[PDB]
There are 2 protein chains.
Amino acid sequence: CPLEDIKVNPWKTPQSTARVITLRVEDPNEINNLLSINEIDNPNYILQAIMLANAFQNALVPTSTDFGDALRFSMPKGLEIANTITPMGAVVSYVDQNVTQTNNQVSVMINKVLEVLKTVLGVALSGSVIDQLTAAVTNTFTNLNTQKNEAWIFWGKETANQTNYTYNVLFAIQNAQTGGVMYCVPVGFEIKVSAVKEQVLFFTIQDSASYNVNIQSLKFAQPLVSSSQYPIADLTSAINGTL
Amino acid sequence: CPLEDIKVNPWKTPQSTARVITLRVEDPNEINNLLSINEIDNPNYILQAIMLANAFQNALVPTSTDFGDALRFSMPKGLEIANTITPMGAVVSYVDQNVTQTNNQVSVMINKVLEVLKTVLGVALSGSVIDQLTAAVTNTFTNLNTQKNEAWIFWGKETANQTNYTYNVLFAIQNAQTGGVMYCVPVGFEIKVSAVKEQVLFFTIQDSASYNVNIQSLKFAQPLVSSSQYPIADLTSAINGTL
Ligand SMILES: [Ca+2]
Ligand SMILES: [Ca+2]
């Protein structure tokens, strides 16, 4: 079928070669209420990632009674916990900002939230994790039906005109843009949306809604520690939180 | 605030205590084109899960030229590969079935597909992984924008009236319903949908579409092998596919 010459299109995004593995660990020894999303080019840093999530579990706090009976990541408490973490590390940035909108599509809200998180991460880091970051924020406001009973989402007060819920997600990043450190970015969402739960469960990005959202997050940089030498038992203990 | 007596509602689904961890492994030594979704109560069986996915990567085959340039899991080749896997194991079930619909919502198609996969797994196994199974099938037909460039989804022929694409997902199951074995269920989707790619990218469960879908899958039961004793280096090699 005669070999044609190369028509090199320089804007054609190539298919990813990244391997994605999702772990659902039933009945963990200790409960973890953070959705853990880990970016890693060297799997020897996975344990470190899981241990950072174990640490920031202690930074979750109850919401006010008016909101409901829910847990959310606290930036203030996050700072406290950061100091106690070993090996020692630094809080590069932190945010506690409200985001609102009126009668806009859910896609707009996802963007507004993305803007805040992209500010936290920075251009370089943002770009290296844009796919999972976009997906993670998307899954905060949509695809909630399948998530409704998960350990990282908490349903608060539910009126006829409003639904309150929290959503806890953590990003661990180790790649070319990080170098000799692994970044950790826990995010605690406190969301008020102008719809009944039943509608919220099946909200899409096309749907329109008014939002009042509080975003609490920080970026924690911890020097890399390989775990190749250690047995898998330690990783198992890390996942269970018994390490 | 006076302690009221217990109003025990026996149909109130409790919140999950399950810990969910997602691993994105950039630049793996060997490429893996299966979305790996692992259900595990004992993390000592993770390596086994990842090694089963490594094995069934060899069961992916190109689609016909008329469909496009895509890879999909082949049930026939899956059976061949199953025999070569060590430790030895058994193919409990296998399917190669077409599923179609006309002018129905995407939710209906998700159900039709679920029915087939639930048949493969069986009542007990199905129920133990219903959340991730429902989500996985949902993400096959929706939420494709964030997935569009991922390693497990391949875009074929794209006309003005039709989009062709494949979607490769693998479930590893180790829990109370499995006992002393781990089940492995690779699934190769070959999907023709009556819409342009741009529309397909932002398809929701509310959208209506005609579908022609081929589903190829099998259930592989391999006796459990704990990896607690082995170092994490082996797991790292398993993820890279160099083990
Ligand atoms: Ca990346
Ligand atoms: Ca389960």
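Residues numbered from 1 in each chain as written, not as in the entry; some residues may be left out. Chains lettered and ligands numbered in written order. Heavy atoms only, no water.

S.K.: Mind showing me how you'd approach the packing of aromatic side chains here?
M.R.: Any two aromatic rings considered together are summarised by their centre-to-centre distance and by the angle between their planes. By the definition in use, this model includes ten aromatic pairs over all chains. Ring centres of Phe-56 of chain B and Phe-73 of chain B lie 6.0 Å apart, and the angle between their planes is 70 degrees; this geometry places the pair in the edge-to-face category. Pair noted here: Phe-56 of chain B is in helix α1 (residues 46-56) and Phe-73 of chain B is in strand β4 (residues 71-73), with a separation of 17 residues, a long-range link. When sorted by exposure, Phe-56 of chain B lands in the same class as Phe-73 of chain B, which is buried. Each member of the aromatic cluster is reached from another via a ring pair, and the members are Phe-56, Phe-73 and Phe-220 of chain A. Geometry around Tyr-183 of chain A places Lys-219 of chain A over its ring, the cationic atom sitting 5.1 Å from the centre. (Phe/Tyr/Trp six-rings, centres within 6.5 Å; stacked < 30°, edge-to-face > 60°. Helix = DSSP H or I, 4+ residues; strand = E, 2+ residues; numbered from the N terminus. Buried < 20%, exposed > 50% of the residue type's maximum accessible area, 1.4 Å probe, protein only. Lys NZ or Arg CZ within 6 Å of the ring centre and 35° of its normal.)

S.K.: Even after reading the chapter, I still don't get the interface of chain B and chain A, so can you show me in this structure?
M.R.: You'll often see interface size given as the accessible area lost when the parts meet. Listed per partner, the contact involves 62 residues of chain B and 62 residues of chain A. Of the roughly 5,800 Å² buried at the junction of chain B and chain A (both faces included), carbon and sulfur atoms supply 56%. One can count two salt bridges joining chain B with chain A. The partner of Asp-131 of chain A in a salt bridge is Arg-24 of chain B, and the shortest N-O contact between them spans 4.0 Å. (Contact = heavy atoms within 4.5 Å. Buried area = accessible area lost by both parts, 1.4 Å probe. Salt bridge = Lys/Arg side-chain N within 4 Å of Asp/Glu carboxyl O.)

S.K.: What should I look at first to understand the coordination of the calcium ion (ligand 2) in this one?
M.R.: Ideal values differ by geometry: the angle at a metal is 109.5 degrees with four tetrahedral donors, but 90 or 180 degrees with six octahedral donors. Looking at the calcium ion (ligand 2), one finds its protein donor set to be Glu-26 of chain A (OE), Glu-39 of chain B (OE), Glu-39 of chain B (OE) and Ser-128 of chain B (O), positioned 2.2 to 3.2 Å from the metal centre. Of the two residues, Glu-26 of chain A is situated in the loop between β1 (19-25) and β2 (35-40) and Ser-128 of chain B in the loop between α4 (123-127) and α5 (130-141); the pairing between them involves two chains. Judged by its relative accessible area of 18%, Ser-128 of chain B falls in the buried class. (Donors = N, O, S within 2.8 Å, 3.2 Å for Na, K, Ca; no water.)

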